[PDB]
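J.: The amino acid sequence is not available; the structure is as follows:
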Ligand SMILES: Nc1ncnc2c1ncn2[C@@H]1O[C@H](COP(=O)(O)OP(=O)(O)OP(=O)(O)O)[C@@H](O)[C@H]1O
Ligand SMILES: Nc1ncnc2c1ncn2[C@@H]1O[C@H](COP(=O)(O)OP(=O)(O)OP(=O)(O)O)[C@@H](O)[C@H]1O
Ligand SMILES: Nc1ncnc2c1ncn2[C@@H]1O[C@H](COP(=O)(O)OP(=O)(O)OP(=O)(O)O)[C@@H](O)[C@H]1O
Ligand SMILES: [Mg+2]
Ligand SMILES: [Mg+2]
């Protein structure tokens, strides 16, 4: 509590490092990430084709599969 | 970095609670996103073949592009397939392409067009008269065109 | 009103519904909770609203905070108590000890106080009284029985004076005894408990009216929020099932769909679009929002999965220019991580923004994302809240749901909101010949006829193109069907040989 | 065919290439004998196959 004003509520994880206390307000991060149309290669050309010309530079790509399928190769 | 890859978010989810984990993902995910860093994340599904959900931890949502790898049992053999499951701003191919691995790396071949239930890991091969109709012996309506 | 007890309105949002009218007059209501739960705020708001709405003067008794502090703090909510103290409508009676004192004085002072408060009440012609933290007074060196007697004495004298009082108390455990000495509970006429529950690192505040001798009231806990406007309570169970229902139709932003829905969605309706990740629920949302602009109506897109940037890049790639909708002041985009708050907060932000923008259409992209973490019952409660608001407000609403398993999903929703919804649009992957195609289906519609087909559809830059059903297939829902043929080649335009042109001419 | 046979598979190997066949195998006093894959079967993995016995192209 802080009588008189507002503040974020709840618990926030933090780490004590060589630079002292470091807190990550993971719920304070805003949904304002920049978004372009720029592409980039996967390291696999055919893949790039399938993806309509490569992964977007601004993107989160996820490779899922069973153990041994080759995520680590990609 | 311009690119970042985490080999196995699924190995980081070991032990931890799902909510602590989801929080971590959003964490490294959004940091990368706001930083203009392209990130490639790895996830090993707990069951080979028959996997009914992209991710066990339900991160699929917090992701832009999904690349899916899966075993397909073809003739007593264990082959791989790759599929661009979804891609947010693009068009991407909808084929579940077979692919081999060599020293050269990944070679993405063709789709298993003549199969049913591929998603499942154990397809049902199925030509039993290919697309040329039971009229391969084309009736004999063509017993006139040629004469003496 | 058939209630045997005359009540006084607090004007605190939601409280008067919960209390079936407000606080019983002439009696005292104990309001207790742990540190930081909003006790002081409640009691201030009680006096304040009393002065500004009924010109009912108030006496505020403080045992720990300082009169300057109580005034300083109230500025947080934009309340100028100083001005009211000035006009003689509010009187803060300083009872706080001295930062330079002795020891011993909690009962003749309890008489000195009674006599004091009666002076203030009498002098200001007060009707409302708030005593902030009576607890702290016997927190001088007392035992349960001494407390019960002293409290009783005070409450009693107050009732004689005819004053309606709010007395504040502290508790150490969120679910343990009602108040410290486990004695205040029974000495007051009404008891209100403010809670600030932890549970998973998030905090949820709830208000409960435990008792009101003489009348009924709402039972249980109710979620509330402290904002720049003070306490705000949502009696989610006080919401009535009397929403207006029209037969008017509206477009989905997709013509073919509209046909499928037997003429478009109902204005008065809650629509649900579910399907596995990647199926295109987000595309439909985009197209449903855009359509209300092309018709010069206002709409809000509350996004919980994509950035405002991304939403735009993607939208533009589907035709539709979100940029313009923004400027033209027809479309408003929100955006927020479900984690950046608790459901209660979220629910209020949505309401809030619906009031400032008066939309005609609203779209929540991914309820299923708001369900991340929360308990199903807390989630369902959130859904009934946003759903019902929309409904009684004649606002058409399109909600999204991503299903946890692509293909083979056995229930429309994993959270079982099915029923809370009027129209259900269903999207799914179909494995056709080594390829992942999509299918769309109007699963249900309450007042219309809608098409029963599971049409296949493609996504282009032009957007959604809804084609035909997979007639020659069985096990469609399974996600990987079996093709069977009584035909296929049957007409539709056989007439072989040279049927086409190529790019040159035709 | 109403009998419980075995099979072995090198499911994965990190640096090598390994065989992808699910090979039938028997056990004797000599130890493990690794025979052939079940080429003419479906759903092997599942444990309860279905032999294809395709009527070829049937001409
Ligand atoms: N030189 C190679 N030639 C042919 N195939 C190879 C070669 N190296 C590895 N492989 C194949 O690729 C697989 C390795 O998978 P990879 O290292 O890409 O990661 P993964 O499948 O995503 O995850 P994990 O290895 O933890 O299961 C092996 O199981 C094997 O079948
Ligand atoms: N403008 C504001 N917007 C949102 N929250 C606010 C605002 N001002 C104050 N708050 C919150 O309200 C709380 C105030 O609590 P309050 O002063 O009402 O009494 P209390 O918690 O009941 O008792 P105590 O005297 O032990 O603190 C703060 O903890 C803070 O979180
Ligand atoms: N310009 C485009 N042209 C062709 N197809 C595209 C285009 N943009 C997106 N798509 C397709 O639409 C999909 C995007 O799904 P969409 O944004 O509609 O939301 P969703 O499936 O409901 O939810 P989520 O994206 O969170 O999984 C991609 O996976 C892709 O197949
Ligand atoms: Mg690996
Ligand atoms: Mg989306």
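T.: That came through, no problem. Numbers count the residues shown, from 1 in each chain, chains lettered A, B, ... in the order given. Ligands and ions are numbered 1, 2, ... in the order given.
J.: Does chain B have contacts with the top strand by length along chain A?
T.: Taking DSSP state E as the criterion, chain A has its longest strand at strand A:60-65. Yes - Strand A:60-65 lies within reach of chain B by Cβ under 8 Å from any Cβ of the partner chain, at A:60, A:61, A:62, A:63, A:64, A:65. C-beta here means a position set from N, CA and C on the backbone, and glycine is covered the same way.
J.: Could you identify the most distant pair in the residues you listed?
T.: The most widely separated members of these, counting by Cβ to Cβ, are A:60 and A:65 (17.2 Å).
J.: give me every residue that touches the residue positioned nearest the centre of chain A.
T.: Centroid-nearest residue in chain A, with Cα atoms, centre = their mean: residue A:60, separated by 6.4 Å. By Cβ atoms under 8 Å, 6 or more residues apart in numbering or on different chains, the contact set of residue A:60 is B:29, B:32, B:33, B:39, B:41, B:62, B:63, B:64, B:65.
J.: next one: residue A:62
T.: Residue A:62 sits in contact with B:40, B:41, B:42, B:43, B:54, B:55, B:59, B:60, B:63, B:65, B:66, B:67, where contact means Cβ under 8 Å, 6+ apart.
J.: ok, the closest residue to residue A:14 other than its chain neighbours - contacts?
T.: Nearest non-adjacent residue to residue A:14, counting by Cβ to Cβ, 6 or more residues apart in numbering or on different chains: residue A:23, 3.9 Å away. Taking Cβ under 8 Å, 6+ apart as the criterion, residue A:23 is in contact with A:12, A:13, A:14.
J.: just these now: which is nearest ligand 1?
T.: Of all the contacts of residue A:23, ligand 1 sits closest to residue A:13, with 28.3 Å by Cβ to the nearest ligand atom.
J.: What count of nearby residues applies to the nearest residue to the closest one once chain neighbours are set aside?
T.: Closest residue to residue A:13 apart from its sequence neighbours, by Cβ to Cβ, 6+ apart: residue A:24 at 6.1 Å. Residue neighbour count, defined by other Cβ atoms under 10 Å in any protein chain shown, stands at 14 for residue A:24.
J.: Would you mind confirming that residue A:56 makes contact with residue A:39?
T.: Yes - shown here, residue A:56 and residue A:39 form a contact pair, counting by Cβ atoms under 8 Å, at 6.2 Å.
J.: These two - which one has more neighbours?
T.: More crowded of residue A:56 and residue A:39, by other Cβ under 10 Å: residue A:56, with 25 against 17.
J.: Ramachandran angles for the more buried one?
T.: phi -70, psi 150 (degrees, to the nearest 10).
J.: Can you name the residues that contact it?
T.: So residue A:56 contacts A:36, A:37, A:38, A:39, A:40, B:38, B:64, B:65, B:88, B:89, B:90 (Cβ under 8 Å, 6+ apart).
J.: which residue packs closest to the second one, ignoring adjacent ones?
T.: Okay, so that is residue A:37. residue C:313 (6.2 Å).
J.: Just give me the neighbour total for residue A:49.
T.: There are 15 residues near residue A:49, going by other Cβ under 10 Å.
J.: can you pull out the helices in chain A?
T.: A:45-50 (DSSP state H).
J.: residue in chain A nearest to chain D?
T.: residue A:68 (3.0 Å; Cβ to the nearest Cβ).
J.: Show the contacting residues for that residue.
T.: B:48, B:71, D:11, D:12.
J.: likewise residue A:50?
T.: With the criterion set at Cβ under 8 Å, 6+ apart, residue A:50 makes contact with B:82, B:84, B:92, B:93, B:95, B:97, B:108.
J.: ok, now residue A:24?
T.: Here residue A:24 is in contact with A:12, A:13, A:14, B:27 (Cβ under 8 Å, 6+ apart).
J.: Buried only: go through those for me.
T.: residue B:27 (16 or more other Cβ atoms under 10 Å in any protein chain shown).
J.: Considering the contacts of residue A:24, which is situated nearest to ligand 2?
T.: The nearest one, if we look at these relative to ligand 2 and count by Cβ to the nearest ligand atom, is residue A:12, at 14.8 Å.
J.: Got phi/psi on the closest one?
T.: Dihedral angles for residue A:12 - degrees, to the nearest 10 - are phi -130, psi 130.
J.: show me the contacts for it.
T.: A:23, A:24, A:25, A:26, A:27.
J.: okay but the third one is in contact with residue A:10, surely?
T.: No - counting by Cβ under 8 Å, no contact exists between residue A:25 and residue A:10, whose distance comes to 9.8 Å.
J.: Which part of chain A gets nearest to chain B, residue-wise?
T.: residue A:65 (3.0 Å).
J.: Next up, the contacts around that residue.
T.: Residue A:65 neighbours (Cβ under 8 Å, 6+ apart): A:71, B:44, B:45, B:68, B:69, B:70.
J.: so the fifth one bridges to which residues?
T.: Think residue B:69. residue A:65, residue B:82 (DSSP bridges).
J.: Contacts only, for residue A:29.
T.: By Cβ under 8 Å, 6+ apart, residue A:29 lies in contact with B:26, B:30, B:31, B:34, C:337, C:340.
J.: can you redo those residues as a markdown table with distance to ligand 5?
T.: Output for the contacts of residue A:29, formatted as a markdown table (distance: Cβ to the ion, whole Å):
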| residue | distance to ligand 5 |
| --- | --- |
| B:26 | 15 |
| B:30 | 15 |
| B:31 | 20 |
| B:34 | 18 |
| C:337 | 14 |
| C:340 | 18 |
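J.: for ligand 2, what are the nearby residues on chain A?
T.: A:1, A:2, A:3, A:5, A:6, A:7 (Cβ under 6 Å from any ligand atom).
J.: tell me which of the residues you listed is nearest to chain C?
T.: residue A:1 (3.1 Å).
J.: could you measure the closest one against ligand 1, distance?
T.: 48 Å (Cβ to the nearest ligand atom, to the nearest Å).
J.: what's the answer for residue A:48, then?
T.: 18 Å.
J.: next one: residue A:25
T.: 34 Å.
J.: Over to residue A:7?
T.: Distance from residue A:7 to ligand 1, by Cβ to the nearest ligand atom: 43 Å.
J.: Return the backbone torsion pair for that residue.
T.: Main-chain torsions, residue A:7, degrees, to the nearest 10: phi -180, psi 170.
J.: what's the span of stretch A:40-49 from first residue to last?
T.: 11 Å (Cα to Cα, to the nearest Å).
J.: who's in contact with it?
T.: Contacts of stretch A:40-49 (Cβ under 8 Å, 6+ apart): A:51, A:54-57, A:74, B:3, B:38, B:67, B:82, B:84, B:93, B:97, B:105-108.
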